[PDB]
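>>> 3D model of this:
(chains A, B and C, ligands or ions: 5)
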Amino acid sequence: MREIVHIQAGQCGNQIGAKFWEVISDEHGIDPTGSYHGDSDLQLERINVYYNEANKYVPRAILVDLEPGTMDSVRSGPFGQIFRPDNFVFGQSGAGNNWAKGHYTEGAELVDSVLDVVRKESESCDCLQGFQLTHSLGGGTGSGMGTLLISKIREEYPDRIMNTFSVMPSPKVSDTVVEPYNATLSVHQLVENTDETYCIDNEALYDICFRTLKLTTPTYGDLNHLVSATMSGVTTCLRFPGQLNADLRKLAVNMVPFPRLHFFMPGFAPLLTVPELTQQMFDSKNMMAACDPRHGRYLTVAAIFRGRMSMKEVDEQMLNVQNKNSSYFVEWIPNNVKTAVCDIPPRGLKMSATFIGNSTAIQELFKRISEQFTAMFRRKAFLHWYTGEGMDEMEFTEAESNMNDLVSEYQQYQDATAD
Amino acid sequence: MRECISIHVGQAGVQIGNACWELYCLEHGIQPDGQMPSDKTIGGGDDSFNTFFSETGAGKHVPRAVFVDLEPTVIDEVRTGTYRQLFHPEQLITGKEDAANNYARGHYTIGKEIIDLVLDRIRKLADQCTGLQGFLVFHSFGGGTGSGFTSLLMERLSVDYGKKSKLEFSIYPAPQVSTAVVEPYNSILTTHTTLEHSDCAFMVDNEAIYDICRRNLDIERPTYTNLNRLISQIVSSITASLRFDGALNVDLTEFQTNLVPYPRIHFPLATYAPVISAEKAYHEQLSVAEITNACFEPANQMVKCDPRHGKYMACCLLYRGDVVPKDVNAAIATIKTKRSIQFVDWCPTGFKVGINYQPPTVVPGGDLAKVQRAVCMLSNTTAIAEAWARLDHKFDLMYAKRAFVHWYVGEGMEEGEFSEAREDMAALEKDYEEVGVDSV
Amino acid sequence: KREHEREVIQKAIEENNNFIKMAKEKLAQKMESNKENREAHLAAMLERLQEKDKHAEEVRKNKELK
Ligand SMILES: Nc1nc2c(ncn2[C@@H]2O[C@H](COP(=O)(O)OP(=O)(O)OP(=O)(O)O)[C@@H](O)[C@H]2O)c(=O)[nH]1
Ligand SMILES: Nc1nc2c(ncn2[C@@H]2O[C@H](COP(=O)(O)OP(=O)(O)OP(=O)(O)O)[C@@H](O)[C@H]2O)c(=O)[nH]1
Ligand SMILES: [Ca+2]
Ligand SMILES: [Mg+2]
Ligand SMILES: [Mg+2]
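Numbers count the residues shown, from 1 in each chain, chains lettered A, B, ... in the order given. Ligands and ions are numbered 1, 2, ... in the order given. The coordinates are given below.
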């Protein structure tokens, strides 16, 4: 079929990736041992996209880390042994929440063994569409090693699609002060080397856990259930029989008007009625970024509706959201909101709506990181941890410069008219 | 003699071909295994249905058809469907990797690796012919394959078969059932590239077909299947000239003569009637006059345009069933009085009429009611240019900001192709205007 | 008149042939310029990645001196 290759790098990466494999393995009727046990045939029709077949099924996944902890955790836990044991690739050193270490020194040791497993999976594919990477941008392994992998893989498969779920750092969720540096460095890489990045901002997941789910003390599991829900959502049209945006590439084509602006904002409901699903979905209190879309303009949007409902209601409500708030949709990309429906709902819910936005409000997120970066950089603070691995401020200077440029571009198009 | 090879390209093409060939088989009494109990001439013959259907000495009737998708699915269903035995395996060519809604991928990157194979299959089919007329090419404007690979195929077919007739059935994009945001790009691109290589194209606007299915057949949210069976009806009306016979039948090629005034003005507007539901049809017989008038109702049109805002250069009426000349004639008059069919000053203002008495068939379990007579009108209105305008305008909105253009340049294309295509469409809009102006 | 008839059919044959020929040319020019363009783009992409590689070696060497 059209095969995706999935990569988990780092702690956060392997955590959200393991949850994602649990969630969609359930959706597709795959027990923790790799045996199909579901009713519908619609669960196995496109199962080739995310699973190799061995009567058993094995996630086409590659698990990567510079420390053995999180990956042991994964081998041990739920669906722990659905993964090909060969595909665990791990060092012992760790990366010390250091971008330079994952990208230049420790990651460089491990990267060739990763690429080895990557070749093995890619060359067992009829038609490889591309690669999907999960990682945070705030630590060291995921951030730096992941971006290094992105480059390596592009070098070897320059014609395939690079796709990442990249977790953006937020003070309210961590403490590692350098996170802005790490993030600004990998945003740099991502601007250049991915076709589509879902921006999962920890800030928003926090807020939605706190001030909506009303969880006063959220754990990383609380955030990661929002994350795995989103990932199922944005992978539905790829995992189940359907049409609109079914390939990573068609997705790229229908969502990326200009090659740099490929940073998407996901949203999900219910965190009902087609109206309730639709309005919740488009509200900010359901965005997984932090930006308010009412602050910028939708360039492109794709909505997925899962469950049994009326497509007539879905079309009416979708056009109602646009026609009503037609101010927040650019007029130089006609008919830029597409909608798909899949009958199979996520676990536990009978109806659900996921949403993917190329919105200029994403500038807010980059702006936030930019600020945090400059605070420290204006006094060269904590730079020693990096300079010592062989880096030069120019690099930081370039990365900050590139991200400022990204923000400036998102603003320009937001302020563009047709006539 | 007089054979027509049909080529179905990309999803829309293949699925519409599914509709058409099933309809055809019903109209001719061919069972899903190719056996036609009515045929007594075994392994061959020169019957009219032979223009679309070769025969095996084992008695199977085989569509003179090729299905081409850059992607396994759809076609695969044909291979595994009620009609899997009508076709032979090499008539269904599939790729591995579609065009991701990108004409540069269909026309070059991905298409170039399957084109020679497709041309060989087409040649296999051609060499089975004793006097081949030309091709019926079925494709969407908006698909990556349907636009790019189709235009490639058209160029190569003009090379390998010369000025043989090539006729298009084109699915014009409508947001209601859209799949890509770049479909205006693909549309302008493919129109500009094909303009020179096609003698007659029937544009079918998905928005018009969606609307009719909803209002006349009462369908909440019509499906591709709903649309495709309505469309196949229209196609069958257009091709029934070549698949059946009779003393009142007229060959489309004759209409073509009257439908294409100048080589570029080769986009005829179609209107079909009656599109009703069984519920309604029950105890409601439509008269020739009824169906005819409908033909002049802008709502029963296949493309959204206001013929009144333009002039006519041809009006051909193709009837099917219990239709007799007298009845038609009257209707025509009545209309001509009650209506205003303005014509250009250089064109005769009469209506060319044809009748096939073979009554229309319905797909069982379908939404269309079996009917006693129907008509498909084919006109050349400068008004069709409206549908170009819309497309052109959308294209312009995007192109001014170069939106999505990178996806094409990254596949080999140049911004220049965009501007040339666009300029060609500008020319096309000017051309239509010109032909509609009166003379000295 | 017979010569005129021979000239007209000659004109028809020549014009169809010229059509097929100009088509063949135009298409070959297009396919070749597309292939040159696409290759160029992928080459420059792979070369950007190569400069990325050379700068990584630069970084590792800069540290194995500190
Ligand atoms: N949403 C979410 N964020 C996480 C999770 N685990 C870690 N993080 C975030 O990850 C960022 C740091 O990334 P890590 O995964 O710890 O970094 P790493 O790739 O393991 O790099 P090393 O620490 O050097 O091994 C912080 O900003 C955390 O907020 C998780 O399970 N869910
Ligand atoms: N009327 C009708 N329109 C269709 C049908 N199938 C697809 N379309 C329309 O076709 C356009 C998209 O073109 P497709 O035929 O899907 O694309 P394709 O030829 O496979 O090209 P790629 O998938 O990019 O390779 C959209 O505007 C759809 O509305 C159909 O079966 N009937
Ligand atoms: Ca026979
Ligand atoms: Mg950590
Ligand atoms: Mg397709």
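>>> mind listing what the residue most central in space within chain A touches?
Per Cα atoms, centre = their mean, the C-alpha nearest to the average position across chain A is that of residue A:165, at 1.5 Å. If a contact means Cβ atoms under 8 Å, 6 or more residues apart in numbering or on different chains, then residue A:165 has A:16, A:132, A:133, A:134, A:135, A:197, A:198, A:200, A:227, A:231 as its contacts. (C-beta placed from N, C-alpha, C; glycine too.)
>>> give me the subset of those touching ligand 3.
Applying Cβ under 5 Å from the ion to the contacts of residue A:165, one finds that nothing falls near ligand 3.
>>> so which of those residues is the most crowded?
Across the contacts of residue A:165, neighbour numbers were computed from other Cβ atoms under 10 Å in any protein chain shown; residue A:135 holds the maximum, 32 neighbours.
>>> Residue B:5: which element?
Residue B:5 is part of strand B:3-9, with elements assigned from DSSP states H and E.
>>> just checking, what packs against that strand?
Other elements packing on strand B:3-9 under the criterion 3 or more Cβ pairs under 8 Å, 6 or more residues apart in numbering or on different chains; DSSP states H and E are helix B:10-28, strand B:65-69, helix B:115-127, strand B:132-140, helix B:150-161.
>>> strand partners of that strand, parallel vs antiparallel please.
Next to strand B:3-9 in the sheet, as set by DSSP bridges, lie strand B:65-69 (parallel), strand B:132-140 (parallel).
>>> Now these in JSON lines, please, with extra columns for mean neighbour count.
Written out in JSON lines, the entries for the strands paired with strand B:3-9 read as follows (neighbours: other Cβ atoms under 10 Å in any protein chain shown):
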{"stretch": "strand B:65-69", "mean neighbour count": "27"}
{"stretch": "strand B:132-140", "mean neighbour count": "25"}
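>>> Is it possible to get a markdown table of those that adds distance to residue A:391?
Formatted as a markdown table, those follow (distance: least, Cβ to Cβ, whole Å):
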| stretch | distance to residue A:391 |
| --- | --- |
| strand B:65-69 | 50 |
| strand B:132-140 | 51 |
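>>> picking that back up, just the closest of the contacts of residue A:165 to ligand 2, please.
Lowest distance from ligand 2 to the contacts of residue A:165 (Cβ to the nearest ligand atom) belongs to residue A:132, with 21.1 Å.
>>> quick one: the helices in chain C?
Listed from the start of the chain, chain C has helices (DSSP state H) covering C:2-63.
>>> Of all the residues in chain B, which one is nearest ligand 5?
For chain B and ligand 5, the shortest gap (Cβ to the ion) falls at residue B:11, measuring 4.0 Å.
>>> My understanding was that that residue contacts residue B:140; is that so?
Yes - look at residue B:11 against residue B:140 with Cβ atoms under 8 Å: they come within range, at 7.1 Å.
>>> Find the centremost residue of chain C, please.
residue C:33 (2.0 Å).
>>> List the residues that contact that residue.
If a contact means Cβ under 8 Å, 6+ apart, then residue C:33 has B:412, B:414 as its contacts.
>>> That one and residue B:189: what is the separation?
For residue C:33, the distance to residue B:189 (Cβ to Cβ, to the nearest Å) stands at 15 Å.
>>> can you check residue A:370 too?
Distance from residue A:370 to residue B:189, by Cβ to Cβ: 39 Å.
>>> Repeat that for residue B:316.
As for residue B:316, its distance to residue B:189 is 30 Å (criterion: Cβ to Cβ).
>>> In terms of packing, which of those two has more residues around it?
residue B:189 (28 against 21).
>>> Return the set of buried residues in stretch B:20-30.
In terms of neighbour count (16 or more other Cβ atoms under 10 Å in any protein chain shown), stretch B:20-30 has its buried residues at B:20, B:21, B:22, B:23, B:24, B:25, B:27, B:28, B:30.
>>> Can you classify the last one as helix, strand or coil?
When you say that, I think you mean residue B:30. Per DSSP: H, G, I helix; E, B strand; the rest coil, the secondary structure class of residue B:30 is coil.
>>> Just give the closest residue to it, not the sequence neighbours.
Residue nearest to residue B:30 in three dimensions, not counting chain neighbours: residue B:36, with 4.6 Å by Cβ to Cβ, 6 or more residues apart in numbering or on different chains.
>>> Show the contacting residues for the one you found.
Applying Cβ under 8 Å, 6+ apart to residue B:36 gives the contacts B:28, B:29, B:30, B:59, B:61.
>>> Hmm, the fourth one is touching residue B:44, no?
No - counting by Cβ under 8 Å, residue B:44 is not a contact partner of residue B:59; they are 10.7 Å apart.
>>> my read is residue B:308 is in a strand, agree?
No - counting by three-state DSSP, residue B:308 is located in no strand; its state is helix.
>>> can you tell me which residues contact it?
Neighbours of residue B:308 in contact, by Cβ under 8 Å, 6+ apart: B:298, B:340, B:342, B:383.
>>> could I get the residues you listed as JSON lines with distance to ligand 3 and secondary structure?
Below are the contacts of residue B:308 laid out as JSON lines (distance: Cβ to the ion, whole Å; DSSP: H, G, I helix; E, B strand; the rest coil):
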{"residue": "B:298", "distance to ligand 3": "42", "secondary structure": "helix"}
{"residue": "B:340", "distance to ligand 3": "48", "secondary structure": "coil"}
{"residue": "B:342", "distance to ligand 3": "47", "secondary structure": "coil"}
{"residue": "B:383", "distance to ligand 3": "43", "secondary structure": "helix"}
